[PDB]
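K.L.:
I have a structure here, written as structure tokens, and I will follow up with some questions on it.
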Amino acid sequence: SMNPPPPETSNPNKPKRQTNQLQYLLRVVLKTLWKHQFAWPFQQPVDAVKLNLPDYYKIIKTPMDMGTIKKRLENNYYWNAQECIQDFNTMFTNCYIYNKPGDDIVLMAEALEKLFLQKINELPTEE
């Protein structure tokens with residue numbers, strides 16, 4: 001079965017802001033997770049064809065991944081930090097919902113989520 005259109009990363013109808021929290025989400029949060037040895041399954045939208053997951057998009061209706069988040073941050077898609085934090089949490093939750101609890105990919109998400117939670121705990125105050 002086919003992949004859906006990816007989540008949007010560009011929309012001139014959507015109002016945008018550049019804020020110090022969003023800057024931190026790129027410079028600290030995304031960068032920390034992206035360079036991790038376990039980042040690779042999360043660096044692009046789930047490719048149900050390549051990965052032979054024909055039911056993935058039957059089950060997962062709000063897909064999200066760090067490639068999309070990276071584009072949203074680099075291309076100033078967000079208004080606030082909570083939108084971006086929600087995207088990360090959607091990505092993790094999708095992984096835990098779709099995959100079996102003993103899968104390596106769940107351990108990988110868990111390790112990335114541990115770092116995410118630490119960095120979000122230190123989210124800078126709004127300027």
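By convention in this document, the chains of the structure tokens carry letters A, B, ... by their order, each chain's residues are numbered from 1, and ligands are numbered from 1 in the order they are shown.
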Give me every alpha helix (DSSP H) residue in segment 4-124 of chain A, going by DSSP on the backbone, as a PDB file with N, CA and C atoms, in the first residue's frame.
P.N.:
```pdb
ATOM      1  N   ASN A  20      12.692  32.588  21.102  1.00  0.00           N
ATOM      2  CA  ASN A  20      13.847  31.932  21.702  1.00  0.00           C
ATOM      3  C   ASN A  20      13.544  30.486  22.087  1.00  0.00           C
ATOM      4  N   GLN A  21      12.299  30.173  22.468  1.00  0.00           N
ATOM      5  CA  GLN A  21      11.976  28.771  22.731  1.00  0.00           C
ATOM      6  C   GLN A  21      12.050  27.936  21.460  1.00  0.00           C
ATOM      7  N   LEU A  22      11.511  28.446  20.346  1.00  0.00           N
ATOM      8  CA  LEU A  22      11.628  27.712  19.092  1.00  0.00           C
ATOM      9  C   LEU A  22      13.083  27.573  18.665  1.00  0.00           C
ATOM     10  N   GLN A  23      13.901  28.606  18.896  1.00  0.00           N
ATOM     11  CA  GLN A  23      15.317  28.497  18.563  1.00  0.00           C
ATOM     12  C   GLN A  23      15.972  27.376  19.354  1.00  0.00           C
ATOM     13  N   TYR A  24      15.614  27.257  20.635  1.00  0.00           N
ATOM     14  CA  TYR A  24      16.128  26.184  21.483  1.00  0.00           C
ATOM     15  C   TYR A  24      15.654  24.818  21.000  1.00  0.00           C
ATOM     16  N   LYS A  31      18.675  19.030  17.528  1.00  0.00           N
ATOM     17  CA  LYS A  31      20.063  18.677  17.242  1.00  0.00           C
ATOM     18  C   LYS A  31      20.533  17.513  18.113  1.00  0.00           C
ATOM     19  N   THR A  32      20.129  17.495  19.390  1.00  0.00           N
ATOM     20  CA  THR A  32      20.543  16.413  20.285  1.00  0.00           C
ATOM     21  C   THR A  32      19.985  15.075  19.825  1.00  0.00           C
ATOM     22  N   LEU A  33      18.700  15.044  19.468  1.00  0.00           N
ATOM     23  CA  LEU A  33      18.114  13.776  19.060  1.00  0.00           C
ATOM     24  C   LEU A  33      18.613  13.354  17.683  1.00  0.00           C
ATOM     25  N   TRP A  34      18.810  14.319  16.780  1.00  0.00           N
ATOM     26  CA  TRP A  34      19.164  14.002  15.397  1.00  0.00           C
ATOM     27  C   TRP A  34      20.523  13.322  15.290  1.00  0.00           C
ATOM     28  N   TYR A  56       0.565   0.400   8.281  1.00  0.00           N
ATOM     29  CA  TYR A  56       0.997   1.489   9.156  1.00  0.00           C
ATOM     30  C   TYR A  56       0.009   2.652   9.122  1.00  0.00           C
ATOM     31  N   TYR A  57      -0.355   3.097   7.924  1.00  0.00           N
ATOM     32  CA  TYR A  57      -1.231   4.254   7.791  1.00  0.00           C
ATOM     33  C   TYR A  57      -2.706   3.892   7.896  1.00  0.00           C
ATOM     34  N   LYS A  58      -3.020   2.600   8.033  1.00  0.00           N
ATOM     35  CA  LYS A  58      -4.355   2.208   8.469  1.00  0.00           C
ATOM     36  C   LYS A  58      -4.544   2.520   9.946  1.00  0.00           C
ATOM     37  N   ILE A  59      -3.461   2.451  10.715  1.00  0.00           N
ATOM     38  CA  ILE A  59      -3.488   2.573  12.166  1.00  0.00           C
ATOM     39  C   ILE A  59      -3.085   3.968  12.616  1.00  0.00           C
ATOM     40  N   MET A  66      11.055  13.230  12.757  1.00  0.00           N
ATOM     41  CA  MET A  66      12.001  14.321  12.971  1.00  0.00           C
ATOM     42  C   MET A  66      12.429  15.013  11.684  1.00  0.00           C
ATOM     43  N   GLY A  67      12.356  14.347  10.527  1.00  0.00           N
ATOM     44  CA  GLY A  67      12.623  15.057   9.287  1.00  0.00           C
ATOM     45  C   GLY A  67      11.629  16.181   9.075  1.00  0.00           C
ATOM     46  N   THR A  68      10.353  15.894   9.326  1.00  0.00           N
ATOM     47  CA  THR A  68       9.313  16.913   9.217  1.00  0.00           C
ATOM     48  C   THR A  68       9.508  18.002  10.261  1.00  0.00           C
ATOM     49  N   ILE A  69       9.829  17.619  11.502  1.00  0.00           N
ATOM     50  CA  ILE A  69      10.064  18.619  12.544  1.00  0.00           C
ATOM     51  C   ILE A  69      11.246  19.509  12.181  1.00  0.00           C
ATOM     52  N   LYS A  70      12.333  18.901  11.695  1.00  0.00           N
ATOM     53  CA  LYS A  70      13.507  19.663  11.283  1.00  0.00           C
ATOM     54  C   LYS A  70      13.151  20.685  10.208  1.00  0.00           C
ATOM     55  N   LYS A  71      12.376  20.267   9.202  1.00  0.00           N
ATOM     56  CA  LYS A  71      11.936  21.208   8.173  1.00  0.00           C
ATOM     57  C   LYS A  71      11.054  22.298   8.769  1.00  0.00           C
ATOM     58  N   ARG A  72      10.129  21.927   9.656  1.00  0.00           N
ATOM     59  CA  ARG A  72       9.256  22.930  10.258  1.00  0.00           C
ATOM     60  C   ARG A  72      10.064  23.957  11.050  1.00  0.00           C
ATOM     61  N   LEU A  73      11.095  23.511  11.768  1.00  0.00           N
ATOM     62  CA  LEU A  73      11.910  24.457  12.526  1.00  0.00           C
ATOM     63  C   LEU A  73      12.774  25.309  11.602  1.00  0.00           C
ATOM     64  N   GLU A  74      13.457  24.673  10.642  1.00  0.00           N
ATOM     65  CA  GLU A  74      14.362  25.406   9.760  1.00  0.00           C
ATOM     66  C   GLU A  74      13.615  26.364   8.846  1.00  0.00           C
ATOM     67  N   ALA A  81       6.266  27.157  20.750  1.00  0.00           N
ATOM     68  CA  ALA A  81       7.028  25.960  21.090  1.00  0.00           C
ATOM     69  C   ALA A  81       6.125  24.767  21.361  1.00  0.00           C
ATOM     70  N   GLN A  82       4.939  24.993  21.927  1.00  0.00           N
ATOM     71  CA  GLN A  82       4.066  23.866  22.247  1.00  0.00           C
ATOM     72  C   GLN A  82       3.660  23.084  21.003  1.00  0.00           C
ATOM     73  N   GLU A  83       3.490  23.761  19.861  1.00  0.00           N
ATOM     74  CA  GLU A  83       3.209  23.052  18.614  1.00  0.00           C
ATOM     75  C   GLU A  83       4.321  22.078  18.286  1.00  0.00           C
ATOM     76  N   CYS A  84       5.567  22.513  18.449  1.00  0.00           N
ATOM     77  CA  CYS A  84       6.699  21.657  18.118  1.00  0.00           C
ATOM     78  C   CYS A  84       6.840  20.520  19.121  1.00  0.00           C
ATOM     79  N   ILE A  85       6.706  20.829  20.412  1.00  0.00           N
ATOM     80  CA  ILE A  85       6.737  19.797  21.443  1.00  0.00           C
ATOM     81  C   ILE A  85       5.665  18.751  21.179  1.00  0.00           C
ATOM     82  N   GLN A  86       4.476  19.192  20.747  1.00  0.00           N
ATOM     83  CA  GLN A  86       3.418  18.243  20.400  1.00  0.00           C
ATOM     84  C   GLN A  86       3.845  17.332  19.254  1.00  0.00           C
ATOM     85  N   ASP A  87       4.533  17.885  18.249  1.00  0.00           N
ATOM     86  CA  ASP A  87       5.001  17.060  17.141  1.00  0.00           C
ATOM     87  C   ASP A  87       5.936  15.964  17.631  1.00  0.00           C
ATOM     88  N   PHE A  88       6.898  16.305  18.501  1.00  0.00           N
ATOM     89  CA  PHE A  88       7.772  15.262  19.040  1.00  0.00           C
ATOM     90  C   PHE A  88       6.966  14.195  19.774  1.00  0.00           C
ATOM     91  N   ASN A  89       6.000  14.614  20.590  1.00  0.00           N
ATOM     92  CA  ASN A  89       5.228  13.640  21.352  1.00  0.00           C
ATOM     93  C   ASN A  89       4.360  12.779  20.453  1.00  0.00           C
ATOM     94  N   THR A  90       3.807  13.364  19.390  1.00  0.00           N
ATOM     95  CA  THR A  90       3.087  12.565  18.403  1.00  0.00           C
ATOM     96  C   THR A  90       3.996  11.504  17.798  1.00  0.00           C
ATOM     97  N   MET A  91       5.221  11.891  17.439  1.00  0.00           N
ATOM     98  CA  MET A  91       6.163  10.933  16.865  1.00  0.00           C
ATOM     99  C   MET A  91       6.411   9.763  17.814  1.00  0.00           C
ATOM    100  N   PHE A  92       6.681  10.054  19.090  1.00  0.00           N
ATOM    101  CA  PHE A  92       6.942   8.974  20.038  1.00  0.00           C
ATOM    102  C   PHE A  92       5.709   8.104  20.228  1.00  0.00           C
ATOM    103  N   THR A  93       4.551   8.738  20.435  1.00  0.00           N
ATOM    104  CA  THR A  93       3.323   7.994  20.684  1.00  0.00           C
ATOM    105  C   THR A  93       2.978   7.093  19.504  1.00  0.00           C
ATOM    106  N   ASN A  94       3.134   7.595  18.273  1.00  0.00           N
ATOM    107  CA  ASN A  94       2.875   6.742  17.117  1.00  0.00           C
ATOM    108  C   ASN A  94       3.741   5.496  17.155  1.00  0.00           C
ATOM    109  N   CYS A  95       5.017   5.656  17.510  1.00  0.00           N
ATOM    110  CA  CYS A  95       5.925   4.521  17.534  1.00  0.00           C
ATOM    111  C   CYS A  95       5.490   3.496  18.572  1.00  0.00           C
ATOM    112  N   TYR A  96       5.086   3.965  19.753  1.00  0.00           N
ATOM    113  CA  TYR A  96       4.695   3.042  20.813  1.00  0.00           C
ATOM    114  C   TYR A  96       3.369   2.365  20.508  1.00  0.00           C
ATOM    115  N   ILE A  97       2.469   3.062  19.816  1.00  0.00           N
ATOM    116  CA  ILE A  97       1.180   2.474  19.457  1.00  0.00           C
ATOM    117  C   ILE A  97       1.347   1.414  18.370  1.00  0.00           C
ATOM    118  N   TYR A  98       2.113   1.722  17.320  1.00  0.00           N
ATOM    119  CA  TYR A  98       2.175   0.817  16.176  1.00  0.00           C
ATOM    120  C   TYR A  98       3.020  -0.421  16.469  1.00  0.00           C
ATOM    121  N   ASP A 104      13.069  -3.432  18.873  1.00  0.00           N
ATOM    122  CA  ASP A 104      14.194  -2.513  18.987  1.00  0.00           C
ATOM    123  C   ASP A 104      13.763  -1.067  18.773  1.00  0.00           C
ATOM    124  N   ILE A 105      12.824  -0.824  17.854  1.00  0.00           N
ATOM    125  CA  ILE A 105      12.466   0.560  17.558  1.00  0.00           C
ATOM    126  C   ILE A 105      11.837   1.238  18.770  1.00  0.00           C
ATOM    127  N   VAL A 106      11.176   0.466  19.636  1.00  0.00           N
ATOM    128  CA  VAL A 106      10.597   1.026  20.856  1.00  0.00           C
ATOM    129  C   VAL A 106      11.689   1.427  21.838  1.00  0.00           C
ATOM    130  N   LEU A 107      12.735   0.607  21.964  1.00  0.00           N
ATOM    131  CA  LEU A 107      13.877   0.992  22.789  1.00  0.00           C
ATOM    132  C   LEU A 107      14.554   2.233  22.236  1.00  0.00           C
ATOM    133  N   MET A 108      14.596   2.358  20.910  1.00  0.00           N
ATOM    134  CA  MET A 108      15.219   3.523  20.298  1.00  0.00           C
ATOM    135  C   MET A 108      14.417   4.779  20.596  1.00  0.00           C
ATOM    136  N   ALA A 109      13.096   4.718  20.395  1.00  0.00           N
ATOM    137  CA  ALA A 109      12.242   5.843  20.768  1.00  0.00           C
ATOM    138  C   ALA A 109      12.405   6.205  22.237  1.00  0.00           C
ATOM    139  N   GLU A 110      12.460   5.199  23.112  1.00  0.00           N
ATOM    140  CA  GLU A 110      12.559   5.466  24.542  1.00  0.00           C
ATOM    141  C   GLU A 110      13.841   6.214  24.875  1.00  0.00           C
ATOM    142  N   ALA A 111      14.947   5.852  24.224  1.00  0.00           N
ATOM    143  CA  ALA A 111      16.211   6.528  24.490  1.00  0.00           C
ATOM    144  C   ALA A 111      16.175   7.966  23.997  1.00  0.00           C
ATOM    145  N   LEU A 112      15.614   8.182  22.803  1.00  0.00           N
ATOM    146  CA  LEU A 112      15.451   9.540  22.292  1.00  0.00           C
ATOM    147  C   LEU A 112      14.490  10.342  23.160  1.00  0.00           C
ATOM    148  N   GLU A 113      13.415   9.708  23.630  1.00  0.00           N
ATOM    149  CA  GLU A 113      12.446  10.414  24.465  1.00  0.00           C
ATOM    150  C   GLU A 113      13.049  10.807  25.809  1.00  0.00           C
ATOM    151  N   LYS A 114      13.937   9.976  26.362  1.00  0.00           N
ATOM    152  CA  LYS A 114      14.603  10.354  27.604  1.00  0.00           C
ATOM    153  C   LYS A 114      15.382  11.650  27.422  1.00  0.00           C
ATOM    154  N   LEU A 115      16.125  11.765  26.324  1.00  0.00           N
ATOM    155  CA  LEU A 115      16.867  12.994  26.070  1.00  0.00           C
ATOM    156  C   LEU A 115      15.917  14.157  25.829  1.00  0.00           C
ATOM    157  N   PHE A 116      14.857  13.918  25.057  1.00  0.00           N
ATOM    158  CA  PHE A 116      13.838  14.935  24.819  1.00  0.00           C
ATOM    159  C   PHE A 116      13.273  15.477  26.128  1.00  0.00           C
ATOM    160  N   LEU A 117      12.890  14.586  27.044  1.00  0.00           N
ATOM    161  CA  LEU A 117      12.304  15.033  28.302  1.00  0.00           C
ATOM    162  C   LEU A 117      13.288  15.880  29.103  1.00  0.00           C
ATOM    163  N   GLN A 118      14.566  15.507  29.086  1.00  0.00           N
ATOM    164  CA  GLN A 118      15.568  16.290  29.804  1.00  0.00           C
ATOM    165  C   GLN A 118      15.703  17.685  29.205  1.00  0.00           C
ATOM    166  N   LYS A 119      15.806  17.770  27.872  1.00  0.00           N
ATOM    167  CA  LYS A 119      15.945  19.076  27.238  1.00  0.00           C
ATOM    168  C   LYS A 119      14.691  19.926  27.413  1.00  0.00           C
ATOM    169  N   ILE A 120      13.502  19.316  27.328  1.00  0.00           N
ATOM    170  CA  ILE A 120      12.262  20.073  27.515  1.00  0.00           C
ATOM    171  C   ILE A 120      12.133  20.552  28.954  1.00  0.00           C
ATOM    172  N   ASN A 121      12.643  19.774  29.913  1.00  0.00           N
ATOM    173  CA  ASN A 121      12.641  20.228  31.296  1.00  0.00           C
ATOM    174  C   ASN A 121      13.402  21.537  31.442  1.00  0.00           C
TER     175      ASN A 121
END
```
K.L.:
What's around residue 14 of chain A at 10 Å? Count only C-alpha atoms, leave out sequence neighbours fewer than 4 positions away in its own chain, and write the answer as a list in words.
P.N.:
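Near neighbours after the sequence-gap exclusion: residues 10, 77, 78 and 79 of chain A.
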K.L.:
Dump C-alpha atoms for the selected residues as a PDB file, in the first residue's frame?
P.N.:
```pdb
ATOM      1  CA  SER A  10       5.187  24.932   4.274  1.00  0.00           C
ATOM      2  CA  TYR A  77       6.544  26.869  10.326  1.00  0.00           C
ATOM      3  CA  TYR A  78       5.521  27.239  13.967  1.00  0.00           C
ATOM      4  CA  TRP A  79       3.906  29.998  16.003  1.00  0.00           C
TER       5      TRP A  79
END
```
K.L.:
Between atom CA of residue 103 of chain A and atom CA of residue 53 of chain A, what is the distance, to one decimal in Å?
P.N.:
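Computing it gives 14.2 Å between the two atoms.
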K.L.:
Using only C-alpha atoms, which residue out of A:102, A:46, A:38, A:11 lies closest to residue 62 of chain A?
P.N.:
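So, comparing all the options, the nearest one is A:46.
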K.L.:
Residues at most 8 Å from residue 19 of chain A, counting only C-alpha atoms, excluding those fewer than 4 positions away in the same chain, as a ChimeraX atom specification?
P.N.:
/A:23,80,126-127
K.L.:
Given only C-alpha atoms as the basis, pick out the residue of A:42, A:76, A:13, A:49 nearest to residue 26 of chain A.
P.N.:
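Using only C-alpha atoms, the shortest distance to residue 26 of chain A belongs to A:76.
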K.L.:
Quick one, how far is atom CA of residue 9 of chain A from atom CA of residue 61 of chain A?
P.N.:
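These two atoms are separated by 17.0 Å.
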K.L.:
Report the distance between atom CA of residue 60 of chain A and atom CA of residue 15 of chain A in Å, rounded to one decimal place.
P.N.:
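Separation of atom CA of residue 60 of chain A and atom CA of residue 15 of chain A: 27.2 Å.
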